[PDB]
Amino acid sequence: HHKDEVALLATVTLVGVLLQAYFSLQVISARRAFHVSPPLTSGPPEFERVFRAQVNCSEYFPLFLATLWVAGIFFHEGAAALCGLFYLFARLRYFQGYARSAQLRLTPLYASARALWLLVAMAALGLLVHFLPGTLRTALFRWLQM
């Protein structure tokens, strides 16, 4: 069982899945409430905003997962998991904002981006540590001989 060091990342991943499923069900009820039957992704602006919120989130979702894992494995699991929650939480506000007003989406989008960029930075710092000693070591072997 090599699970222990990874269960926080996996559980935030699962919260992310539930959240995405939440958005998807919301599109189904807005699909019914405004008579917009499949296919067709157009209708009144209330519907379109809800469609687009869902689509937007589901497009950043893999970015989120990728960096969440790389940051959690290469930097620190708990911090990664923590930005993970901010991110997910900001994205819940993004969706709820977007639905009432397109302008009211902007505040939680900006919060979602900070969290997400933090994961990226952590990931980048994590990989730098892994890789940079090994390669500075041998860059210094050029200069021998000597």
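All residue numbers refer to positions in the sequence shown, first residue = 1.
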Would 132-140 or 5-13 have the larger average of its C-alpha temperature factors, as given in the entry?
-> 132-140
Higher avg CA temperature factor (23-31 vs 53-61, as deposited) belongs to 23-31
If you check the C-alpha B-factor for each of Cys83, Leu92, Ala111, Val36 in the entry, which is highest?
-> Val36
Looking at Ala66, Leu119, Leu40, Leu88, which has the biggest Cα B factor in the entry?
-> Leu40
What third of its chain's C-alpha B-factors does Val70 belong to: lowest, middle or highest?
-> lowest
Would the CA B-factor of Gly97 place it in the lowest, middle or highest third of its chain?
-> middle
